[PDB]
Each structure stands twice: as C-alpha cells, then as structure tokens.
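Each remark here refers to the structure printed beneath this line.
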Amino acid sequence: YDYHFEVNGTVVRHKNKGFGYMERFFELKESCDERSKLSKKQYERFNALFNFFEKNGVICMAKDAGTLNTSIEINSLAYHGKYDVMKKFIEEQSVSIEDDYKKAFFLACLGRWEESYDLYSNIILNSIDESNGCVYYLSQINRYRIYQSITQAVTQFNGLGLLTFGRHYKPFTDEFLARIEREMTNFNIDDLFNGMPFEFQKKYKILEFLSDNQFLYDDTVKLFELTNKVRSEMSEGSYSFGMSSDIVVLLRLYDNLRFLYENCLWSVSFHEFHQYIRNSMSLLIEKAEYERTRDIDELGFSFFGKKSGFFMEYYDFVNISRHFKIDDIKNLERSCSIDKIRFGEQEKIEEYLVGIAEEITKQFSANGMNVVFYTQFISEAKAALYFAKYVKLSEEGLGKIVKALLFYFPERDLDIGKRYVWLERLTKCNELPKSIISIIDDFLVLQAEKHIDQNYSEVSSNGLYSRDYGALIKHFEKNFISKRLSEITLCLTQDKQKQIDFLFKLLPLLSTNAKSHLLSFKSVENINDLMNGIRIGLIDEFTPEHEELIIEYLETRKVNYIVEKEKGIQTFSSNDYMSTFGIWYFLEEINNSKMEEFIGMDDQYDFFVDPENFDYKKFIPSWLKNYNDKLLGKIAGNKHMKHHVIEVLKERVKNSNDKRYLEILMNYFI
Amino acid sequence: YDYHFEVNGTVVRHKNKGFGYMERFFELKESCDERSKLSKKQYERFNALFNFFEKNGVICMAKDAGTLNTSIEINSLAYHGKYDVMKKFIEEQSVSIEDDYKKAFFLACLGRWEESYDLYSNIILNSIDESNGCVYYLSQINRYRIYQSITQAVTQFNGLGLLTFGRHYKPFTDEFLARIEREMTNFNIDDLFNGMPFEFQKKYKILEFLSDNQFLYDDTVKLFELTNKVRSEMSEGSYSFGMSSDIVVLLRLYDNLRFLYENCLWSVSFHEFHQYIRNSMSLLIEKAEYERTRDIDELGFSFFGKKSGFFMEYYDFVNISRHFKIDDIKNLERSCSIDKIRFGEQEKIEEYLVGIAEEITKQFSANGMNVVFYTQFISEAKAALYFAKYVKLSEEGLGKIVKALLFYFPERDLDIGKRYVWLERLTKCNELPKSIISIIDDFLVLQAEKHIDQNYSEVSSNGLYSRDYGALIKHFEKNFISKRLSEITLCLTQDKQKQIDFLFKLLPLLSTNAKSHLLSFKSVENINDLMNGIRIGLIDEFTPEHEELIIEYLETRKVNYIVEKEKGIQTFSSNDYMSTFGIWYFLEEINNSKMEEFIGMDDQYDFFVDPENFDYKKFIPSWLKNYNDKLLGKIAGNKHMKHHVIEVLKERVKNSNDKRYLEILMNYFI
Amino acid sequence: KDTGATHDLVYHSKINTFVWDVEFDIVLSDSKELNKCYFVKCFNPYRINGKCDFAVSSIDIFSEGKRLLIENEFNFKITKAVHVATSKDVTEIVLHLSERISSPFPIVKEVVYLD
C-alpha cells in the first residue's frame, strides 16, 4: 500500500511518506538522458520492468495522464474455445513443466478430469526442483479444484442419473473415486499458503487470495456500489456528458478474465465467478439501453457530439454465452432491446458459432461419451445459439449452425418445442436461404421416418411441435411443395395410424396430388383435428357440423367438471383448448349464442364470452402478450373491456420491467 | 468438518469417518431415562452441553427435524442503544475481568475512546496468567482496532476543522496521541495468533479471523446467489420462506451481529461491516420486489393476498438505522415500494425512536457532549427518524420525537429545510392531531423571535423555509390561530424591519386583528408589487384593483408589441410574467373576459387562454415539466386540450424513453 | 465545440436543466450588476400550495453564499459566466446552451429532488 494502481493505467500515491520511487520510475521511462546513468547490472533490470508494465498496463501516473486508450487481448486458447487446437496440443510432446501446467488446464476444460488430475499430480512430484514454487502452489490449488469438481459430478451422476443422461452412468471408475478420496483427504486448502517457505510468502503474497473467495471480494464490493449509482442516475434522468460511469466495471472485468485464463486457473468454472461476470455485464447493457435512448432536445450535443456507444465486440458475445443461463438472457431481452444494440466483428463471431457447431457434431454423431464435458459445454452451446439472433451469418456458416441445432443437439436438453424457438430466432437477422429449407426438409422427412412406430410421440414443453417447422417454411417460400414427404403420404394404408395424423398437420407443405390422397383417407372426426384443421387452410369458415363437436367437447368437459368438484383439483391439457374457444366467440367467428352456459370453468374463457360480468381480480397480465394484432385491437373496442385492461396494463408499466406492456399500451389503447 | 451445523439449528453429517456422536447426542436429549444411565462426573457434562446448544440454538438433527420457529434475540445494551444503562454500568465496581471487558466496549460505543484504550491496556496486564487467552487475545484485537479509530478520527477532525464538529478542537491530547503511537509502533496483528500458546491455537482456532485485515469476504460473495440467481429460480417459481436463499442470507446476518455484539468486538463499528449490512439488506429487498412482480405476471394481481414478501421487524429497523446513510435509504425507496413492506413490532420501534429523541435532547439541551460520540450517533439518529415514515407512532410518543426534531436536533446536520422534509414524513402513517400542532406553533414563535436580529437569515439547502411549516398546519387544521404569533404582530412596530418580512409568510396563521395590522405595510402599486404580492406576499385574493394593473402591463406590452416586431427584439430571458398570467386565467382566478383580446403575445399564454383557437404545432412539450399536480389535473379536465397533448406525450415516450413524460401521461392523462 | 472542461456537466431530464459548477456575473435590465451568482433549483411536486402556485420547481438565487432577497422583476443577462473548478471563462457557451433548452434557468449549481 504505497501507490494505488487503478484500472486505467494511472498511479495515485497513497500511504507513503518516504522517497517517491514510482514517480522517479516514470521519469526514467519518458526520457533517454536519464538513462545511461544506469549501471550495467541495473540496466538489464530495466528492460524487464519496462516489458512488465507494457504487458500489464501501468502506463503513467495520475498527473501526466492524457488519453485512456486501452484495448484488450486475452491470448488463451481456452477463452476462445479452440477445441481441436487443444487436442493437438495434448497429443504433442511434453517440453517443460510450464508446458504441462498449460496442458492440465486444457484437459480440465475438455472434461478429461480423470487424466487432468493425474497430470497435475505429476507436476507435484517434479516442481520442487524448479526453485520457484509458483507452478507448485498453483498446481496444488488447481488439483484441489479438479477434485472438488469430481465430487459434485458423482453426487449428480450417481445421484440424479436418469433425467440427466440416459441411465445411471459412470464417467469415473469405482477404483479412481475411491483412491483420490484416500490421497487427498488430509488436505486443507486453508493451510496451503501457510505450509510454504517464507521466500514464497512475501514474494507471492497476492496468491493467498486464490485459496478462497477473497480474490472476488474487491470487485464484488465495487459492482454493488457502481450498480447503485447507475440505477440512481437512471431513476433521476441524469445524463453525464463525459466518461461513462461504468468504465470501471468493464476494465475490472477484463482483468479478472486475463488473470484466470492466462495463468490457467480452474476458478473460471466456478459458480461465484460466473455470477460476477453476468452481474457485471447486465449493468453494462442496462446502461447501454439507457444511453442510446436519450434526448437532449437541443439539436444534438455540441461538445459531446463525437461520443461513442457501447457495442458488442467478440469478447462480449463470449462472456454472455459462457456465463449467462437463458433465463438471464430472457430478463435482459425483456428489460432491454438487444435488437438495437449494434454488434461488431461479425466475421469472428462466425468462428465461435461454427466452432460450437463443429464440437457438437464431433461428439453427438460418433462415440462422444464424455458426459463430463457435456455438463458445462452444453450450457454454453445453448446460450450461444440463443444469443445468435443478433449476429448476421453467412450461408455456409448458418447451414452448419442449423444442421447442428436440429440433428445433433440432444433432446435431453433441447426438446422439439425449444428447438423451433431457436430456429425462428436465427431467421430474424438472416432471411432464410434456399439451402436451409433443404435442412428443415431433411428434418421433416426424418420425424416421419420415426413415426412408423405406434409407440413414438413427440414430447414438448412449449406446446410447439413439428407443425411449426412447416409453417416456417411456408412463411418464406409461400409456393413450396416437398418432393420427399409427398413420396411418403402417397403410400397410406389403414395400419399407419400415427403416420397419417402427423402429415395432416403438415398438409400445406405436401403436393397437390398427395393432399387429395390423405384427406380422402381420413377427415375431421375430433376436436383435436379441428384445431389442426383451422391453421392449415382447410376450414375457411365454421359450419354447424363442427360446432356440435365443440359443444360435445364442452359438455364432456362439463360432466368432467361436475365430478371435478368432488376431487377438488385442477389439471389442464398441454395445449389449452378452452381459451381458443373464447377468442373465436369474441371475434364473432362463431355465431352460436349457447356458450354462455359454460361460463365458470376457466378464467380466460370467462373474459371473452362474458366481458360484461367478469371479476377482474383474476385477470392474468401475462395473457396480453399472447395476442395478435387483431384480437388486441378488439379488446380496445369493447367498452366492457377497455377501461379495465388499462389498470392491469398501467400497473405493469410502472412495476414490471417488460417493454412489451408499453407497446401494447401505446399502439392500441391510448 | 465432521458435521454441518446449518443456520436453522439442524445437524447434517459431512465427513464423519467414525462414530456418529452428534447423531447419538440428540438421542440422549430426546430420552429422559436413557440419560439416567451415565456416570457421575459425565452427567453434569451433559447439562453443560444441553445449556450451550440451547443458548446457541442447535436444536436437533436434520433428518428428524421438526417445525420450530427460530427468532432472533440479541442480548446487548450496545445493540439496542440503551445509552443511559450503559453509563450506569460503567460507574459500578467491577467484580470480574469479564465485566471490564464489557465496560471497555461500552466506553467505545459511548465515544470515550481514551478510557477504552486504557481499560483494554489494563486487562492485558491482569490477564496473561489466565489459562485461557480469550479475554487476552480479544483485548489485544480491540485495543488495536480502537487505535485504528483514533488515528482515523484525528485525520478527519483536521479535514473539517470547526465547521462540522462545532467544538473547534480535537479531543485527544498529544500526551495521549504520541503515547499510543509509541505503544503501537510495529504492532503486527498478524503475528498475534501465531504467537499465542499452543493450547490456545488448538482450542480457539475459530477466533483467528478477527486478526485479519478483511473478514466477511465469503458472505459478500454469497450475496450473488441472492438477488440475481432468482432470474432462473422464477422459471420454475420461487416460494415463501422454506429456508430459501432468502432465509440463509438473513440468518447469517443475524449470526454475525449476535457474535460481534454479545462478544463485544469493536469490529462492528467499521466500514467493512457497515457495507456488508447495506449490501445484504438492500439485496434482500430487491429480491422480494422481484419475486412480487413475477408473481403478478404468472399469478394474478389479487392472487398475492400479502403486501410484499419481505416483512420487517424491530431488528431490521435498527440495522437500517445504524448502518445505512440517507443516500442509501433513498436507494431502497426507489428500488422497492416500502409502502408495500409492512413493519411489525411497532411497539418496539416506538421505544427505540423515543430514546433517540431522549439522547438528542440530552446531548444538546446541555453544555456536555462528545464530538466522537456525536459523529457516529447522529448518522443513526438521522436515519432512524427518516425511516420512521413507515411506522405508526402513538400520540404521546410522536410528541417526544417532534420536540427533539424541531428544537434539539443540531442545525449542522439538519437545517430548517431538512427538518420539514422529515416532519412531513411523520404525517403520512400518522397525521397531525391537536397536540403535535402545538409543537410547530412553538417552533414558529421561536423562529419569529430570532429574526428580530438584523444579521440573521435562515440557511436552507432544500428551498424549504419557515413558510412551509405554516402551510403544513393549515393543511390539517384549516382554522388555526397562533395566539403567540398573533401577539407579536400587533405588538409590532416599524422598529424591527426583518420580523415584518418574517411574518409575511405566516398570514393564514394569524388573527383578524393581526391581519389588520400586518397588512399595514403591504404597498401594492406597481406590478413589481403584484407578483411578489401573489407569490410571496400571500394576498390570496384578486380584486379588480389587482387585475387593473395586469391589464395595464398587458396593454403596455401591447404597446410594446408594435415595437416588438418593428425593432426585431424577441428575447424574453425570464422577462415574461406572462405565461404566469394565462395560468391564472386558466385556473379561474382572473374573472376578466377581455383577456382573450390580448392573446397574441406569448405562445404559452396563447395556449392557456385560447385553447380552442390554438396552433398545437407550436407546443413546446417541455412545458409539462414545469406544471404541478394542480395544473396537470386541469389539463386533463379541459376537453379541448386533452386529446392534443396526448399526441405530444406519445411522440416523446415513443421516440425518447423519458420516464417523466410517461409518469405524466399515466397518472393524469389516462 | 472546442476543448471545454465539460466533466461535471449533467443534464437532468426530469426538470429540463443543466447542472455544472459555474459562477455568474449577471446584470438586470436597469437595476444593478451582481457578482458571483449561482442558482439552486428544487423539484417538489408534492407541495402544499396556494391558489396561485403552479410550478414543480422553485429557484433560490444566491449572491455571495447568502440568499438574494428578490425585490424586482428578475431579468437575467449573463454578462460573464466563469467556471470555478477549472477557472476557464465559459461565457459564450452558456449563452447558446440556453435557447435550445427553453426553460427559465437552464444552468444551475445543484438540483434537489422532493426537497
């Protein structure tokens, strides 16, 4: 504590009263005449110091500080996700003990935790003769963290087992797990820095922080302060017209990533470090939304007219992918508008997303058994392909992003509902090329080839199914017929029951000759086929033959609703049929006046059928962001509805952080 | 590490490779006869363990856990602020060396840091031969921590001088300052634990952290799992209590307080412990606000029958009063809705507020005070009377708080404007009954009687003055006569000219014979006398003799209008009085009809008197940022200006995102 | 513009007003010239009013660290505004940052919210 070293390369002197020896050091840096007064045994101790600070970033003092131009370069293959370079670096021959410390970190990042524990173990035999000990102490830390990583797996592979990956599987043998709990059960990480020489202490006193959480403590305290003063400059409407107030949060972020990925520390896979990165970058985007929608009302800024803005570079796309979950991105997309943040270096967000799409087909096509590597990689591959809505992709790079999404993502993670969602996202910035319809067509002929069983059915959690891949084709290629599925719906017998239900969903994608072949086979005999039949352009107006099938469903619901009163529970379907009925009755699509007798079963049905006599204590505000343009502008016309879905929608403007409730309020109701 | 002792009072096996004895110990506690089979000496060792675990709240096992409530009780006179009982304890004869340990902590909490340095130096002398070092080791920590308090006080006393402390000196003799610098030269707190006996380091290893520079480093990083990992917990839904990440963070706050106050550790007065209470209480209120708003999306607005999830009590009141600054309470008040936080135990919050009122009275209705006690206490007396907005107070308890806030609170911290801000907050959950008006009416008299000095003016940093206390009385008791102010204005001459100008602001408080004689110095002849007569003078009326000068200044401006255009001068740098006149017309306080024949001069005048014949493309939208709740309600009254200014608000809430134009548009115009 | 200080210059969008630590040397219409003037504006939308008050903001005019007792109609012409922290003479800039704000007092020294 002789000099504050801030994160902008300035130096501020505090807690010093003797000779100022950093002030005299930067006087040596600027001039050459103060050199050559140096001893030759001391001048060679200067080029090492001058290269030390030009590598690290300590430029000058606080007084003689001009520009604050500081870029960033994390030169580490693990930060960039070069997987096939690491495999060729582990197959290469060992050279030193520094090249094996950089090796054992790479096997850990690849999920080879059995062999990386063994490789850190050999470094502990060898590094005493290194006379430095920093390779020793950092390998003692990193080996203990690999150990703690193989305990949370075996209490989750042998604990959960079924719902994670197939059955109860064993990535680690029973011999290994038993033996490592014997070699390192007397270990105490709290006494690893104390059980080392006094030459390693006081020359590496900044490394006692790596044993515990107190290497994050000074940044967590500065997040929690700079959060509170950005939020309070945003709840005040104040716009500073100089440097950004969270440039500390950006520079202090990239120090923690260039410390831990360069020095090859397995503390990059923590929860507490992942949680520091996302809270740091949620604040940088919440302020970036705040600053691009500003208004001075003074014909622009005169002196601050050349102000630059926050924009996504390559390093910001990687820090959202590794460190956010999807619910972390869902909040950031409903609070902010990422579709108006401009993204830069689109050419090298390609190679990160092509690289993820190539490491997911190099282990879900062949014998990719490393479920240890699958544990943390698939949470990055999910958050990257989801956040790829905002980048523009080339057609040869989009093609293998889509072919890896549809065929090689496991259904344990990404079922068929949220596999459609992440396909419709990739079409927003990229108008859908012709060589990608040929990938959906190779996916629709494959699900048909799986429906030859009578025991195979699609499981979704969103209510989205293989229909919706076909409306997406018929969204961009309005005159497109398949030649391969039409060669399947031409051969249709009575013993193919699950086949023929499936292709009746996909009817506007089949040919003109073969649409007649299946509709003459089976027809509407259900209300589950009526919901299918409306959206595929077969039933242009309701006939009374369909409505009696509706009321037959509503009656058998009502008879079930009577016996529901004795059991006292409430269980719905996957796709709620009851709310679809009320929208048809409210839009004057059904002319029947007999469905008021069904009021009292489901709450959304009661709002549309009876807008006059509805109790608005049970109106869910999440309903309003499910409606289209026409239905929402008809709730704005009903005088029984308009002045009550204002107070639902006024309180969601000021209390929630969704931006949808403004756009519903302004475009339709005000 | 054989067991987890979780914060509920429960016990979990962790690494007990051995006999299960804590599993066995609670089998002895449940039975009454099986423990009547033990030895003689080893039976009183059971009663001592049964008292320890009940006093520290280790209840049972976790596999056989019950449904038991775990309420917090901190038994400490220094937590509750029982200052007069602490002083009666310092003036009693010490039996033990543990009572001198408690006195030396109460001396520090009362601010008399010289007596506490000497009393810790006394204990270290009398407690080397003690066979346990707890009174010795902790007196050596607390002596060093109170040396850090003296060295950081004598810095900040000379940083302010006399303008803040008000004593114009420093309360430490150089015979005390240069003594303790000689006694604490090279006193390393690090070598304290590793230089105590070997039996201390085995028995008390848990006391090692108090010699560290920064503890609480693990608890701060565990606040990351609190407020912002519930982004993902609401995808499946978070619930009420259930020992959720809410309860774990709150109970580890209550353990760190009960450890540091019952063991009398002075590290409870530092910035690292105050920032921990701030960072962990602010982030439990932001979490409960997040879980409330997400439970209004998925569920309904009436499905949550409670107000909010975070229910405060007495210990949560005292932790916000003692540890938060007022710029930190204001961050909670924007980032939550403390109107939705119900405070419990309001008979205990009242007895804490009356008791701060008793100490502010005792410190400053007296010539005796510290400047060391006053600097730490007045930040808590400010935060506690500010946060008492949200507490129902009794009539005999509020009256003791208002007398300590208006008369005895020092003006160096609360000026005349900030006392009004904090008196008005006390009238929200309460009101003003007939007994609290008589304290303000004794404050205006004491401020009337001080303004007869010719060199006295009120200094107020809010813009609020003695005018505004009088507006607060009349807002509740609309018919009020100040018989001591109405006996100082008719016993009043022109000999004191300033008190004429004081009582100009207090005209609706005075009597009819008072308003007769105090209006004897109001000379309204020019329109310069009109505007301060209506703004400042409280004329509260509009004679035609008033409005006749307005027409004359209008007509001379109309005479100036023909040279307004022929000379090219159009700048009115607050040269208007003219936007003000149309607002008086539009509020129906100028009953002229000939005003509208003068509507061609000011654009803002042209809107308020001619709404119907107005070119709305001349509307400056920033005008609605100068209009109050009075006037903005009347623009939502006029049928001619309602639909026009909705379109000027919607073009400013769609193009920019100004949260003030949206607050106007929602609270008044919909 | 040129290389001005512009470091504590903030824009409050709630009351349309600049805030940066300057001093004024104002001159009225024909009254007098004053030295070292600065304004303080206070945003109080919840205020017990008269039957004539209409504003959300109220301005205290300060003359030497003591409050100006207003006795005249207040015309302001900034003859010379000067910066305090950087000692530059920001006189012509505050002129033309004032008509494009179209508020009564565009530059103040502090803004107090809810008093």
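Every chain in the structure tokens has a letter given in the order shown (A, B, ...), and although residue numbers restart at 1 in each chain, ligands are simply numbered from 1 in the order shown.
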
Mind the document's chain letters and residue numbers, and return as a PyMOL selection string the residues of segment 146-175 of chain B that DSSP labels alpha helix (DSSP H). chain B and resi 146-160+174-175

Any idea what's packed within 12 Å of segment 499-516 of chain B, counting only C-alpha atoms, ignoring anything in its chain fewer than 5 positions away? Could you give it as JSON, numbers by chain? {"B": [437, 440, 441, 444, 445, 446, 447, 448, 449, 450, 451, 452, 453, 454, 455, 456, 457, 458, 465, 466, 467, 468, 469, 470, 471, 472, 473, 474, 475, 477, 478, 479, 480, 481, 482, 483, 484, 485, 486, 487, 488, 489, 490, 491, 492, 493, 494, 521, 522, 532, 533, 534, 535, 536, 537, 538, 539, 540], "C": [50, 69]}

Once you have the residues from the selection above, write them out as a PDB file, in the first residue's frame, restricted to C-alpha atoms.
ATOM      1  CA  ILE B 437     -49.605  21.260  16.071  1.00  0.00           C
ATOM      2  CA  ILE B 440     -44.788  23.509  15.494  1.00  0.00           C
ATOM      3  CA  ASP B 441     -46.597  26.557  16.874  1.00  0.00           C
ATOM      4  CA  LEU B 444     -42.554  29.333  14.583  1.00  0.00           C
ATOM      5  CA  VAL B 445     -42.616  31.577  17.652  1.00  0.00           C
ATOM      6  CA  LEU B 446     -39.019  30.705  18.442  1.00  0.00           C
ATOM      7  CA  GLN B 447     -38.147  31.386  14.795  1.00  0.00           C
ATOM      8  CA  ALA B 448     -40.149  34.623  14.845  1.00  0.00           C
ATOM      9  CA  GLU B 449     -38.303  35.800  17.949  1.00  0.00           C
ATOM     10  CA  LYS B 450     -34.916  35.106  16.354  1.00  0.00           C
ATOM     11  CA  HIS B 451     -35.477  37.184  13.215  1.00  0.00           C
ATOM     12  CA  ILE B 452     -35.550  40.471  15.102  1.00  0.00           C
ATOM     13  CA  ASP B 453     -31.764  40.426  14.865  1.00  0.00           C
ATOM     14  CA  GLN B 454     -30.735  42.315  11.749  1.00  0.00           C
ATOM     15  CA  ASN B 455     -27.951  39.833  10.907  1.00  0.00           C
ATOM     16  CA  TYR B 456     -29.897  36.568  10.952  1.00  0.00           C
ATOM     17  CA  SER B 457     -31.195  34.653   7.953  1.00  0.00           C
ATOM     18  CA  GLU B 458     -32.341  31.073   7.642  1.00  0.00           C
ATOM     19  CA  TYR B 465     -38.303  27.669   4.891  1.00  0.00           C
ATOM     20  CA  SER B 466     -40.499  28.725   7.793  1.00  0.00           C
ATOM     21  CA  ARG B 467     -43.246  29.461   5.264  1.00  0.00           C
ATOM     22  CA  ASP B 468     -43.675  25.730   4.770  1.00  0.00           C
ATOM     23  CA  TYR B 469     -44.218  24.717   8.391  1.00  0.00           C
ATOM     24  CA  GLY B 470     -47.130  27.144   8.390  1.00  0.00           C
ATOM     25  CA  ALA B 471     -48.523  25.586   5.236  1.00  0.00           C
ATOM     26  CA  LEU B 472     -48.421  22.200   6.970  1.00  0.00           C
ATOM     27  CA  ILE B 473     -50.511  23.329   9.949  1.00  0.00           C
ATOM     28  CA  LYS B 474     -53.157  24.809   7.676  1.00  0.00           C
ATOM     29  CA  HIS B 475     -53.259  21.646   5.559  1.00  0.00           C
ATOM     30  CA  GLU B 477     -56.356  22.364  10.826  1.00  0.00           C
ATOM     31  CA  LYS B 478     -57.791  24.820   8.308  1.00  0.00           C
ATOM     32  CA  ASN B 479     -58.990  27.195  11.065  1.00  0.00           C
ATOM     33  CA  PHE B 480     -55.983  27.916  13.269  1.00  0.00           C
ATOM     34  CA  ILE B 481     -54.856  30.989  15.195  1.00  0.00           C
ATOM     35  CA  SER B 482     -51.379  31.314  16.681  1.00  0.00           C
ATOM     36  CA  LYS B 483     -52.086  33.341  19.817  1.00  0.00           C
ATOM     37  CA  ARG B 484     -48.372  33.863  20.461  1.00  0.00           C
ATOM     38  CA  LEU B 485     -47.690  34.846  16.855  1.00  0.00           C
ATOM     39  CA  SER B 486     -50.855  36.976  16.849  1.00  0.00           C
ATOM     40  CA  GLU B 487     -49.441  38.704  19.932  1.00  0.00           C
ATOM     41  CA  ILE B 488     -46.092  39.564  18.347  1.00  0.00           C
ATOM     42  CA  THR B 489     -47.538  41.049  15.160  1.00  0.00           C
ATOM     43  CA  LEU B 490     -49.920  43.519  16.825  1.00  0.00           C
ATOM     44  CA  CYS B 491     -47.298  44.335  19.424  1.00  0.00           C
ATOM     45  CA  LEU B 492     -45.177  45.109  16.354  1.00  0.00           C
ATOM     46  CA  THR B 493     -43.807  48.390  15.003  1.00  0.00           C
ATOM     47  CA  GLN B 494     -41.516  49.558  12.212  1.00  0.00           C
ATOM     48  CA  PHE B 521     -47.055  47.521   5.381  1.00  0.00           C
ATOM     49  CA  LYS B 522     -48.172  45.976   2.069  1.00  0.00           C
ATOM     50  CA  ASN B 532     -44.295  39.028  -5.122  1.00  0.00           C
ATOM     51  CA  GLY B 533     -47.599  40.093  -3.598  1.00  0.00           C
ATOM     52  CA  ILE B 534     -49.257  36.989  -5.033  1.00  0.00           C
ATOM     53  CA  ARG B 535     -46.272  34.609  -4.958  1.00  0.00           C
ATOM     54  CA  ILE B 536     -44.603  35.676  -1.711  1.00  0.00           C
ATOM     55  CA  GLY B 537     -46.974  38.163  -0.074  1.00  0.00           C
ATOM     56  CA  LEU B 538     -49.894  35.686   0.305  1.00  0.00           C
ATOM     57  CA  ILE B 539     -52.567  38.095  -0.894  1.00  0.00           C
ATOM     58  CA  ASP B 540     -54.841  35.077  -1.610  1.00  0.00           C
TER      59      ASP B 540
ATOM     60  CA  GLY C  50     -51.685  28.431  -2.589  1.00  0.00           C
ATOM     61  CA  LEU C  69     -33.937  38.751  -1.352  1.00  0.00           C
TER      62      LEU C  69
END

I'd like the neighbourhood of segment 158-169 of chain B as an MDAnalysis selection string, where a residue qualifies if any of its atoms comes within 8 Å (using only C-alpha atoms), though same-chain residues fewer than 4 positions away should be ignored. chainID B and resid 154 371 375 412

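For the pair atom CA of residue 140 of chain A and atom CA of residue 116 of chain A, the separation is 12.6 Å.
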
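In this comparison, chain B was overlaid on chain A using all C-alpha atoms paired by position, and the resulting RMSD is 5.6 Å.
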
Contact residues (chain C, partner chain B, 7 Å, only C-alpha atoms) as number ranges by chain: C: 14-15, 42, 45, 48, 51-52, 54-57, 60, 72-76, 104, 112, 115

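Selected on chain A by distance to chain B: residues 213, 214, 217, 293, 294, 295, 327, 328, 617, 618, 620, 621 and 622 of chain A (within 6 Å, counting only C-alpha atoms).
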
Keeping N, CA and C atoms, export the residues of the selection given above as a JSON list (two decimals), in the first residue's frame.
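out-v7.json was written with the following content:
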[["chain", "number", "residue", "atom", "x", "y", "z"],
["A", 213, "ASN", "N", -12.59, -17.20, -1.68],
["A", 213, "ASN", "CA", -13.38, -16.27, -2.46],
["A", 213, "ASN", "C", -12.86, -14.85, -2.41],
["A", 214, "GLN", "N", -11.77, -14.57, -1.70],
["A", 214, "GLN", "CA", -11.39, -13.19, -1.49],
["A", 214, "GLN", "C", -10.53, -12.63, -2.60],
["A", 217, "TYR", "N", -13.60, -10.43, -3.84],
["A", 217, "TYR", "CA", -14.26, -9.59, -2.86],
["A", 217, "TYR", "C", -14.13, -8.11, -3.17],
["A", 293, "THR", "N", -31.18, 5.67, -25.97],
["A", 293, "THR", "CA", -32.47, 6.36, -25.98],
["A", 293, "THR", "C", -32.45, 7.54, -25.02],
["A", 294, "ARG", "N", -31.60, 8.51, -25.32],
["A", 294, "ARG", "CA", -31.59, 9.76, -24.58],
["A", 294, "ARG", "C", -32.14, 10.87, -25.46],
["A", 295, "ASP", "N", -32.47, 11.99, -24.83],
["A", 295, "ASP", "CA", -32.99, 13.15, -25.56],
["A", 295, "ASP", "C", -32.49, 14.40, -24.86],
["A", 327, "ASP", "N", -32.50, -17.90, -18.84],
["A", 327, "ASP", "CA", -33.32, -17.01, -18.03],
["A", 327, "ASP", "C", -32.61, -15.71, -17.68],
["A", 328, "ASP", "N", -31.28, -15.71, -17.64],
["A", 328, "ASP", "CA", -30.53, -14.47, -17.51],
["A", 328, "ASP", "C", -30.61, -13.64, -18.78],
["A", 617, "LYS", "N", -60.38, -9.38, -10.64],
["A", 617, "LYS", "CA", -59.36, -9.77, -9.69],
["A", 617, "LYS", "C", -58.57, -10.98, -10.17],
["A", 618, "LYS", "N", -59.06, -11.69, -11.18],
["A", 618, "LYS", "CA", -58.43, -12.89, -11.68],
["A", 618, "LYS", "C", -58.15, -12.78, -13.17],
["A", 620, "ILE", "N", -55.09, -12.43, -15.58],
["A", 620, "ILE", "CA", -53.64, -12.60, -15.59],
["A", 620, "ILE", "C", -53.04, -11.65, -16.62],
["A", 621, "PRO", "N", -52.09, -10.79, -16.23],
["A", 621, "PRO", "CA", -51.50, -9.85, -17.18],
["A", 621, "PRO", "C", -50.58, -10.48, -18.20],
["A", 622, "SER", "N", -50.12, -11.71, -17.97],
["A", 622, "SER", "CA", -49.32, -12.42, -18.96],
["A", 622, "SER", "C", -50.12, -12.86, -20.17]]

Report the distance between atom CA of residue 10 of chain B and atom CA of residue 71 of chain B in Å, rounded to one decimal place. 14.6 Å

Name the residues of chain C that come out as strand (DSSP E) in a backbone DSSP run; write them as a ChimeraX atom specification. /C:10-12,17-19,22-27,38-43,57-62,77-83,107-108,110-113

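Residues in contact with residue 90 of chain C at 8 Å, where only C-alpha atoms are counted and same-chain residues fewer than 5 positions away are skipped, are listed as residues 80, 81, 82 and 83 of chain C.
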
Could you write those residues out with C-alpha atoms, as a short mmCIF file (atom, residue, chain, number, x, y, z; two decimals), in the first residue's frame?
data_model
loop_
_atom_site.label_atom_id
_atom_site.label_comp_id
_atom_site.auth_asym_id
_atom_site.auth_seq_id
_atom_site.Cartn_x
_atom_site.Cartn_y
_atom_site.Cartn_z
CA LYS C 80 -19.86 36.86 -17.88
CA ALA C 81 -20.15 33.31 -16.57
CA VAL C 82 -16.96 31.72 -15.32
CA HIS C 83 -16.06 28.16 -14.42
#

What is the distance between atom CA of residue 438 of chain A and atom CA of residue 385 of chain A, in Å to one decimal? 20.0 Å

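Distances to residue 265 of chain A were evaluated for A:137, A:241, A:310, A:304 using only C-alpha atoms, and the minimum falls at A:137.
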
Residues within 7 Å of residue 430 of chain A, please, as an NGL selection string. Count only C-alpha atoms; anything in the same chain fewer than 2 positions from it doesn't count. :A and (392-393 or 426-428 or 432)

Residue neighbourhood residue 25 of chain C, 8 Å, only C-alpha atoms, exclusion window fewer than 5 positions, as a list in words: residues 33, 34, 35, 36, 37, 78, 79, 80 and 81 of chain C

Which residues are close to residue 200 of chain A, i.e. within 12 Å by only C-alpha atoms, leaving aside same-chain residues fewer than 2 positions away? Reply as a count of residues only. 21
